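Trainee:
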Amino acid sequence: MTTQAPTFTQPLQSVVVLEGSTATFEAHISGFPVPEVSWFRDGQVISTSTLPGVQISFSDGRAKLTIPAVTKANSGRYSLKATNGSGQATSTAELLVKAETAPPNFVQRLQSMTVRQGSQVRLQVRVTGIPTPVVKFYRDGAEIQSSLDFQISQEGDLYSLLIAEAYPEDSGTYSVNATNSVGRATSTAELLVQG
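Taking PDB author numbering, the leading residue of the sequence shown gets 1, the next gets one more, and so forth.
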């Protein structure tokens, strides 16, 4: 129960949290008298006003800072100052907020099919990915340009290559390629038109 400068028995930890999830900075501080605790983020003092919804507690030498819904703006370098009459102790980490992403995933893949001549062929895929993938069609390896009766259309995550009337020359290997900043996915199918 004698005077002792503040010290960090448990310092802060640099954390990578996904946006939308909760984040928590905690630290165990010892020093008599019980030090005063202040939180900081990039030079600005942290309170309920600076960062809304934040929760700060100090119980039994355990200081904790909790952000319920972390956003991209909540990132930066966080510091923790402990102060009494005998000295000052400061621990610092930083919060890294990565936006939620997802590699391209073919919910519905291309299906190889054999049809008669003059029939209507519909090649269809449902692609998911964050950020929204760049979906490109390919015929025998070459990129397909949206022709008139060889049309490529999109509705949300659904992509369709509609052939009005299929002919034997339309036979080949059709493939769709979806790429974004986190991955690449491909689907491939063979089409055969008989006459």
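Even for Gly, the Cβ is constructed at its ideal location relative to N, Cα and C.
With respect to the beta strand (DSSP E) encompassing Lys81, which residues constitute its N-terminal and C-terminal limits?
Mentor: Per DSSP, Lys81 belongs to the beta strand (DSSP E) from 76-83.
Trainee: How about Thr186 and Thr173: do their beta carbons lie closer than 8 Å?
Mentor: No, the pair does not count as a contact, with Cβ atoms beyond the cut-off.
Trainee: Could you tell me the boundaries of the beta strand (DSSP E) in which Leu51 lies?
Mentor: Neither: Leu51 is in no beta strand (DSSP E) and is coded neither H nor E.
Trainee: Do the stretch 129-139 and the stretch 94-107 touch if we need at least three Cβ pairs shorter than 8 Å?
Mentor: The stretch 129-139, when compared against the stretch 94-107, does touch it at the 8 Å Cβ threshold.
Trainee: Who does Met113 pair with in a DSSP beta bridge?
Mentor: Per DSSP, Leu191.
Trainee: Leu123: which of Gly53, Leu161, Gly61 sits nearest, CA to CA?
Mentor: The shortest C-alpha separation from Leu123 is found at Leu161.
Trainee: Cβ of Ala69 within 8 Å of Cβ of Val37?
Mentor: Against a cut-off of 8 Å, the Cβ pair of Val37 and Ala69 comes out as no contact.
Trainee: My output table needs one value for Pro103: the three-state DSSP class, helix, strand or coil.
Mentor: It is a strand residue.
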